[PDB]
Amino acid sequence: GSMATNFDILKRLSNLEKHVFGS
Amino acid sequence: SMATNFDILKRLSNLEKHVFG
Amino acid sequence: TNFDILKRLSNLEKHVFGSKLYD
């Protein structure tokens, strides 16, 4: 929804995953 | 809902603080 | 879509904080 758009949620989730699972 | 959205944002933001500091 | 987000958050949290002794 618009919250996810306005807060860049998918981008941020993806980056977290890269750090967490990449480590 | 605001509830779902607050949960998402709190959880995401806290993980960012933890992982990135 | 908010559900894919919630699922990914729960998975992240488990990976970071869950015990690695649990299969």
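Bear in mind that the values in this text are calculations on the coordinates, not laboratory data. No Cβ is skipped: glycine too gets one built from the backbone with ideal geometry, and neighbour counts run over all protein chains shown.
Checking each residue in chain C for being charged (D, E, K, R) and surrounded by fewer than 10 Cβ atoms within 10 Å (Cβ to Cβ) picks out C:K20, C:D23.
Scanning chain B for residues that are in contact with a helix residue (DSSP H, G or I) (Cβ under 9 Å, 6 or more places away or on another chain) and among the basic types (K, R) yields a count of 1.
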